[PDB]
Structure formats: structure tokens, C-alpha cells
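K.L.:
Please read through the structure below; I'll follow up with questions.
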Amino acid sequence: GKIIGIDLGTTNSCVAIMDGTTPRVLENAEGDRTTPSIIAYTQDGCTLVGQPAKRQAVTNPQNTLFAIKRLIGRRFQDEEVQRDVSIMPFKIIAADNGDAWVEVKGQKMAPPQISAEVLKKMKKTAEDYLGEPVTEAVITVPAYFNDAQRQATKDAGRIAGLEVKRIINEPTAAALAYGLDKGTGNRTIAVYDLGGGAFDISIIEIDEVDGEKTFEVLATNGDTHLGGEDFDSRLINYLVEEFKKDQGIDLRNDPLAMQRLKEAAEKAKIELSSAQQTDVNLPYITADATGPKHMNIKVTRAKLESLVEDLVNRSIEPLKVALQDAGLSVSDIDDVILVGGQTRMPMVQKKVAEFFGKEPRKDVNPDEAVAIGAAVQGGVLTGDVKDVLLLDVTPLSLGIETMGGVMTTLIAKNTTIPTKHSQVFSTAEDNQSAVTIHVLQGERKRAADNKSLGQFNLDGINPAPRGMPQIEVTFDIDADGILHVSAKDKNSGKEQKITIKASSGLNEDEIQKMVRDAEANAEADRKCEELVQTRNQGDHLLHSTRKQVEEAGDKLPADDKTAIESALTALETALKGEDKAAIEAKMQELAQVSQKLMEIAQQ
Amino acid sequence: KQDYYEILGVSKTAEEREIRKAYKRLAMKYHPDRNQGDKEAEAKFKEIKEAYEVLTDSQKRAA
Ligand SMILES: Nc1ncnc2c1ncn2[C@@H]1O[C@H](COP(=O)(O)OP(=O)(O)OP(=O)(O)O)[C@@H](O)[C@H]1O
Ligand SMILES: [Mg+2]
């Protein structure tokens, strides 16, 4: 088949495909090229994705999920997860194994399911355009995603009914999307990605040798929990503090008011990317005991810049670190490109431009470059583009915990992937039954200060003196950037089974069940689409019949008129409901009674 | 187990700039991503990398 490309964003998602030799982004059902990454669960059993979900969020706050990318692959006790727990309208809860989940209508749900709903909308869009089924996709993740996040995204892709060929890092995808225009030559570029939830910086070299583009990632750094949402949060906090200051009401209790306030806040930020002053104007924001209250606050561009300056500065440090790891200076960067909606803010462009002493390119669409890059990568996997190769790296050092809590690096950060590293382990005590290895990702010197991938237990070590047996352990990092640990008896070659404990993520059982539930939800959503179309047919029939009655006038039996009008009203009532069977029944009855009218037509 | 220099095919005294040229073209030939075919290429490629990494480091190259 064909491999579609999916930019799965914190805020907006996007799907692009490979029209032979020229990739194109596909508009969704509503005609938008970018689909909001919002997922709503209605009372009636339907599932809304994108702009509809965005519309009905105010009446269904607890069941409208957003920013799930900022929970996927994370633990419930993570600091950022707790801070979000206090903030979000929906209920974030700890799973059975400690992973961060969300509760919808009393059901516990894993982030890969929700993100899989979004993925399903993208896949269905691609199928509608293509006219044939789609089973294979390349999905984008931030460069700084840890192992558990990447594996969790891959699982979300599997629940979407997709065979995930490649997990691509967003700045890398944008890099080749930018690189297809360029001719033969050598360049070095800095990709600055500041989206709705994540920030990445990647230093990438693009050399052309024998008609074969080589995109080598020299370095990468970033923060997976820094994005537009936090700019929004700063402006929100300012508005709340000013409202409590002027009217005496802490607005953080009213969740509806907080929803209206986040909408207005982001709107004001975006409006301040091109104006010099806007007004946050919310009438009847809340109801005091004495009477309803109002908000009308002036915000200058300078005020917003002051409110988010430390956030902007938080992004400059990984530039220094990345240039250090790449062994380059600011003057070695031939081009710098901005990716992500949040880079549209004038201050971000100014701070970046002044760090590099250079003006970023202007011919890059930050909203559409990642997706088209993913589509092209899919083309590389199939074969339709043979002139491009991508050499990505892993962003985090992979090590094990040793005595004293210190961490020991096995594979350092910025190592080109896929890669393999083997090491010999042995027993430490006489007749040691088993050995346990603590595998983690991060740069900190204490094991507790890093992200634990888990404890791998090699049981079934027959008794022996301390230190005699030799077991070779092999650490693999595939092209997705995901770890695969295999073991083997060094001397003999007999394999060694590995038990993973204290780990994160879904397993095969959870996966299968959630695939089945995804299919069931798919059939249910088909039925919902059916009900919408049937409701349209009903409204058309109402209009047609009333028109025909007026045209008929007095020349219609009073009994017939009466019965038809009763049937009409019954049908209108059925059309206000959500029962397809009742609507169809009422339509049929209306036809039976309006037989005389349709006879009166007579051409 | 195989000679680093020989699997890339280098003079054994050629400078870093050349071994990088050889790595990039070999990475092209043996990348799993490119062929998409098998683990055999990814297993071979991982070693072509490992040779490129040891030979660009000055001290480890002396070893
Ligand atoms: N004109 C603008 N000025 C300032 N910010 C903007 C503008 N347009 C969009 N944004 C911000 O960009 C963010 C989303 O951009 P984008 O779609 O690139 O993020 P994403 O890729 O979905 O998120 P991520 O890549 O972090 O997962 C939103 O938070 C929005 O507030
Ligand atoms: Mg993005």
C-alpha cells in the first residue's frame, strides 16, 4: 500500500501523503489542512475529533481531552503531571502500574487510546483522498522524546490500526522538507521547533554526494514540556490575578470561566503576535451574589513579552548545549529555520535571530513542514525517493545504575542510530540465582535524578562461584530510537530470558483489548455519521413537504392537510433527537400520509 | 573481529576526512532505513558505524 505521514501535534495534527514525486497535505472533512488534537466523548456514544470537539467543549468539559501529548509516556507522580492534574478540566489519575491515565465517564483510559482517535481521523482522511485502505504510516515525535514516550506513541499508532514503519523526530522531518528544494552542496542548519507543547533544537548537516542527500543530525536537545500552552498559562495567571485584584473574586474555581479564559487568552496572544495592544473582553464571566461580573483588560505587546520572557530564555540554553555537543560555533551555522506556531511570536524570532546573529529563513511554513517531511520519509521507506538518507541520533544517554546510586553510561547522547552496545555481566555472590540491571536514560549523575526505563531480571542462573559466569547483554537502539535489550550466555551462546519489572507502558494484552475497543468505537462512529446524514434527509423532506403544501393551497383535503401536519410535527420532534430508527419511521409515516400531495405534483 | 580499516576499505593511514566520506557512502549502502529489507543490513550497518566512531577519535585510533 501507501505510507501516509502524520504530524501528531500537542495542539494541531496534520497528514500529508506522496502524490508521485510531489507530497501534499490533505484537507480534512471540514476543509482544514490542520486538525485540532482534541477528542470529545459525547453522551450518545459518538466520538468527536478536531473542530467539533473544540466546539462542544464548554458543555462537556470533563470529557473533552486535549494536550494528551503532554501526558503520553509519563508517570502519574511526575512533577509536570501533578501540576497539570491541578489545572486540567478532565480527571488525570494514576494507572495500576503508576502510569498517567485519564478517566472518562468512570472508565480508565491510556493516552495511546485518545491519541489513537486522532490518528484514526488522520488515517480516514488519507483513505478518503486515496480511495483505498491505508495501513502504514510514519508518525512524528519531538526529538527529545524519551523511550517510554516513543514506544507509547508507537502503541497509539498500533491501536489506530496502523503499522508504524518509522517514528521520525520532528526537526529531522522539517529538515528534509526544507532540503528537497536545495541542490548539490554542503550546509549546516539549526532547526528551532517551538510548538504547542514541546521544544526541540537540532543541528543537522546536509551534504550532497553522488546525487544522494545525506541529512546527518549533528546534535539535538530540547524540552518535551515547554510550548505554547505555557505561554497561555502565564497570560491566564496574569488575568486571574488582575481580576481577583480589581473585583475581589478568585476566578480559578469556576471551570467554565477558566475555559472561556484560556480561549480568550490564547486568542489574545496570537492577536499580539501582529498587533501592539489588544483587549481581553469577557462579559458575564462569572456571577457574584450581588450581580454578574465582567472582565475588560488591556494587554500591550510589552506586557505579554514580560510575562513569557523567562520561558523564551529557557529555550536558549539548549541552543548553547547543542552547539557544544555538535562541536560548532554560532558562525558555523549556515542556516537557521523556525518551526512551530509559537515561533510566529516576534519576540521568539528576535531572540533566536540575535543568538545566531542571523535572520531565519522566510520560505518555510512552520505549520506544514513537519508533515510533508514525514510523507517524504515514507517515500524513502517504500522507494519512490532514493536520493535521500537520514542519520538520526538518540537524544539521551542510556546507562545503568551502579553502586552508590551513581549512573554509568553505556550509550552516550547524540550517538547515531541504529546502534548496538554489548557488555559482560557476572554474579557477585556464591550461587547467585539471578542478576538485576537498572536501565535508565538521562544526563544527571545520580540514578534517582534520571528516567528509569526499568529493572531487567535475568533469573535461572544455575549455582556457581561468585563472578565466574559470563552473560553478554546487548542494548539495541533501532531507527525509531527505541531500546531493545536482549541477553545471551557469553561462552555457550544459549539465549537468556529477560523479565522486565518496574517498567512503564502498555503490554500485548492491553494493546489487543484496546485495538478491539478501537474497532468497536469505529463502527459506532460510522453509525453516528449515518445519523447525521439521515437527519439531513429528514430536514430536506420537511422543507419539500411544507413547500408542496403551500403550492397545493386550498386544493388539498382538510383531513389530508391535518394528518400531514401532524406527521410533520412528529418528524420535527424525531429530528431533534438522536435516534435514527425513530427518524426513519417518522419519515416513512409522513410519506404514507403525503401520498396525495406527491400525486398532486403531476409534473 | 574483522579489521576496522578493511571493512570500510581504507589505507590505514588516510586522514579523518576520507574515512568520513567512506562512512557516509557505506551508511547509504547498508542502512536498514534505505533498503527497508532486513535486520541483516542494520546489523552490518551498526558495525560500519562502530568503525567510523573508533577511527575518528585520535587516541582510540592509535589503539
Ligand atoms: N500567530 C501566532 N502567534 C503566536 N503563537 C501562535 C500563532 N499561531 C499559533 N501559535 C501557537 O502555536 C502553538 C501550536 O503550534 P503547532 O501546531 O506547531 O504546535 P504542535 O506541533 O501541534 O505542538 P508540538 O509540536 O509541540 O506537539 C499553539 O500553542 C498556538 O498558541
Ligand atoms: Mg509540531
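Letters for chains follow the order of the C-alpha cells (A, B, ...), residue numbers begin at 1 for each chain, and ligand numbers begin at 1 in the order shown.
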Identify every residue of chain B that has at least one atom within 10 Å of any atom of chain A, counting only C-alpha atoms, and report the result as a PDB file with N, CA and C atoms, in the first residue's frame.

P.N.:
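Saved file part02.pdb follows:
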ATOM      1  N   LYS B  21      33.988  10.311   4.395  1.00  0.00           N
ATOM      2  CA  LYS B  21      33.426  10.079   3.066  1.00  0.00           C
ATOM      3  C   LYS B  21      33.040   8.612   2.886  1.00  0.00           C
ATOM      4  N   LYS B  24      29.874   7.649   5.010  1.00  0.00           N
ATOM      5  CA  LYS B  24      28.592   8.135   4.506  1.00  0.00           C
ATOM      6  C   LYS B  24      28.084   7.273   3.353  1.00  0.00           C
ATOM      7  N   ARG B  25      28.975   6.874   2.440  1.00  0.00           N
ATOM      8  CA  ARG B  25      28.542   6.048   1.313  1.00  0.00           C
ATOM      9  C   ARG B  25      28.224   4.626   1.766  1.00  0.00           C
ATOM     10  N   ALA B  27      27.186   3.889   4.906  1.00  0.00           N
ATOM     11  CA  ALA B  27      25.919   4.082   5.601  1.00  0.00           C
ATOM     12  C   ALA B  27      24.758   4.118   4.621  1.00  0.00           C
ATOM     13  N   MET B  28      24.983   4.677   3.430  1.00  0.00           N
ATOM     14  CA  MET B  28      23.964   4.636   2.387  1.00  0.00           C
ATOM     15  C   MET B  28      23.669   3.196   1.980  1.00  0.00           C
ATOM     16  N   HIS B  31      22.254   0.932   5.326  1.00  0.00           N
ATOM     17  CA  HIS B  31      21.248   1.422   6.263  1.00  0.00           C
ATOM     18  C   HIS B  31      19.985   0.572   6.147  1.00  0.00           C
ATOM     19  N   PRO B  32      19.423   0.090   7.260  1.00  0.00           N
ATOM     20  CA  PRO B  32      18.090  -0.535   7.178  1.00  0.00           C
ATOM     21  C   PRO B  32      17.043   0.392   6.583  1.00  0.00           C
ATOM     22  N   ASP B  33      16.974   1.636   7.065  1.00  0.00           N
ATOM     23  CA  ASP B  33      16.047   2.664   6.597  1.00  0.00           C
ATOM     24  C   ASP B  33      15.993   2.735   5.077  1.00  0.00           C
ATOM     25  N   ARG B  34      17.158   2.659   4.434  1.00  0.00           N
ATOM     26  CA  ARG B  34      17.217   2.807   2.983  1.00  0.00           C
ATOM     27  C   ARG B  34      16.620   1.594   2.278  1.00  0.00           C
ATOM     28  N   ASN B  35      17.143   0.398   2.567  1.00  0.00           N
ATOM     29  CA  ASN B  35      16.638  -0.795   1.892  1.00  0.00           C
ATOM     30  C   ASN B  35      15.288  -1.235   2.457  1.00  0.00           C
ATOM     31  N   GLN B  36      15.085  -1.098   3.771  1.00  0.00           N
ATOM     32  CA  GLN B  36      13.867  -1.474   4.497  1.00  0.00           C
ATOM     33  C   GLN B  36      13.762  -2.992   4.602  1.00  0.00           C
ATOM     34  N   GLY B  37      14.776  -3.723   4.146  1.00  0.00           N
ATOM     35  CA  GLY B  37      14.585  -5.137   3.875  1.00  0.00           C
ATOM     36  C   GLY B  37      14.610  -5.996   5.129  1.00  0.00           C
ATOM     37  N   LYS B  39      16.991  -7.065   9.092  1.00  0.00           N
ATOM     38  CA  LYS B  39      17.939  -6.781  10.165  1.00  0.00           C
ATOM     39  C   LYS B  39      19.386  -7.012   9.744  1.00  0.00           C
ATOM     40  N   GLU B  42      20.877  -3.732   9.015  1.00  0.00           N
ATOM     41  CA  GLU B  42      21.030  -2.955  10.240  1.00  0.00           C
ATOM     42  C   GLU B  42      22.131  -3.535  11.117  1.00  0.00           C
ATOM     43  N   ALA B  43      22.291  -4.861  11.098  1.00  0.00           N
ATOM     44  CA  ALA B  43      23.353  -5.487  11.876  1.00  0.00           C
ATOM     45  C   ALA B  43      24.719  -5.161  11.291  1.00  0.00           C
ATOM     46  N   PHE B  45      25.310  -2.493   9.252  1.00  0.00           N
ATOM     47  CA  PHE B  45      25.467  -1.041   9.351  1.00  0.00           C
ATOM     48  C   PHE B  45      25.976  -0.631  10.724  1.00  0.00           C
ATOM     49  N   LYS B  46      25.420  -1.230  11.783  1.00  0.00           N
ATOM     50  CA  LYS B  46      25.851  -0.900  13.138  1.00  0.00           C
ATOM     51  C   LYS B  46      27.356  -1.066  13.310  1.00  0.00           C
ATOM     52  N   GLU B  47      27.963  -1.993  12.562  1.00  0.00           N
ATOM     53  CA  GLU B  47      29.405  -2.190  12.665  1.00  0.00           C
ATOM     54  C   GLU B  47      30.171  -1.167  11.832  1.00  0.00           C
ATOM     55  N   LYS B  49      29.222   1.835  11.353  1.00  0.00           N
ATOM     56  CA  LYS B  49      29.239   2.961  12.280  1.00  0.00           C
ATOM     57  C   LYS B  49      30.357   2.793  13.303  1.00  0.00           C
ATOM     58  N   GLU B  50      30.331   1.687  14.053  1.00  0.00           N
ATOM     59  CA  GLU B  50      31.287   1.401  15.123  1.00  0.00           C
ATOM     60  C   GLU B  50      32.729   1.587  14.667  1.00  0.00           C
ATOM     61  N   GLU B  53      33.279   5.371  14.231  1.00  0.00           N
ATOM     62  CA  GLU B  53      33.353   6.078  15.502  1.00  0.00           C
ATOM     63  C   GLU B  53      34.728   5.909  16.138  1.00  0.00           C
TER      64      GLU B  53
END

K.L.:
Would you mind listing the residues within 6 Å of ligand 1, counting only C-alpha atoms and all ligand atoms, as a list in words?

P.N.:
residues 9, 10, 11, 12, 13, 195, 196, 197, 198, 227, 228, 229, 266, 270, 273, 340, 341, 342, 344, 345 and 367 of chain A

K.L.:
Output C-alpha atoms of each residue in that selection to a file, as a compact mmCIF listing (two decimals), in the first residue's frame.

P.N.:
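Listed below is the output, out_4.txt:
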# COMPACT_ATOMS: atom_id res chain seq x y z
CA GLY A 9 0.94 17.61 17.49
CA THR A 10 0.25 18.68 21.04
CA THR A 11 -2.18 21.28 19.65
CA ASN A 12 -2.79 20.53 15.96
CA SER A 13 -2.33 17.42 13.83
CA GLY A 195 5.18 24.10 19.14
CA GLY A 196 2.15 23.95 21.36
CA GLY A 197 3.74 21.66 23.91
CA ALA A 198 7.33 20.76 23.06
CA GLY A 227 5.45 25.16 24.47
CA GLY A 228 2.59 27.48 23.67
CA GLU A 229 0.38 26.02 26.40
CA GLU A 266 -4.62 32.24 23.54
CA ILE A 270 -1.96 35.24 18.81
CA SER A 273 1.87 38.48 17.51
CA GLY A 340 6.03 25.54 15.13
CA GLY A 341 3.24 28.05 15.56
CA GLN A 342 4.75 29.58 18.69
CA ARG A 344 5.45 33.21 14.96
CA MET A 345 5.78 35.44 18.02
CA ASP A 367 2.60 24.61 10.27

K.L.:
Which residues come within 9 Å of residue 8 (chain B), counting only C-alpha atoms, excluding same-chain residues fewer than 6 positions away, as a count of residues only?

P.N.:
7

K.L.:
Pick out the residues sitting within 8 Å of region 438-448 of chain A, and hand them over as a ChimeraX atom specification; count only C-alpha atoms, and ignore anything fewer than 4 positions along from it in its own chain.

P.N.:
/A:146,396-401,405-407,452-456

K.L.:
Counting only C-alpha atoms, which of A:369, A:289, A:168, A:319 gets nearest to residue 180 (chain A)?

P.N.:
A:369

K.L.:
Find the distance between CA of residue 491 (chain A) and CA of residue 435 (chain A) and write it in Å to one decimal.

P.N.:
17.3 Å

K.L.:
Any chance you could list, as a ChimeraX atom specification, the residues in region 162-405 of chain A that come up alpha helix (DSSP H) when DSSP is run on the backbone?

P.N.:
/A:170-179,228-247,255-272,301-314,317-326,346-356,369-382

K.L.:
Using only C-alpha atoms, which of the listed residues (A:600, A:138, A:159, A:152) sits closest to residue 552 (chain A)?

P.N.:
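Using only C-alpha atoms, residue 552 (chain A) sits closest to A:600.
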
K.L.:
Set the distance at 7 Å and use only C-alpha atoms: which residues neighbour region 27-41 of chain A once local chain neighbours fewer than 2 positions away are removed? I'd like the list as a list in words.

P.N.:
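That gives residues 9, 10, 11, 12, 13, 14, 25, 43, 45, 46, 47, 48, 49, 50, 51, 53, 54, 63, 64, 65, 66, 114, 118 and 125 of chain A.
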
K.L.:
To one decimal place, how far is CA of residue 220 (chain A) from CA of residue 184 (chain A) in Å?

P.N.:
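Those two atoms sit 24.5 Å apart.
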
K.L.:
Just want the 12 Å neighbourhood of residue 470 (chain A), counted on only C-alpha atoms, with same-chain residues fewer than 2 positions away dropped. Output as a ChimeraX atom specification.

P.N.:
/A:423-428,435,461,464-468,472-473,487-494,496

K.L.:
Do a neighbour search on residue 12 (chain B) at 10 Å with only C-alpha atoms, toss out local chain neighbours closer than 5 positions, and write the hits as a PyMOL selection string.

P.N.:
chain B and resi 4-6+19+55+61
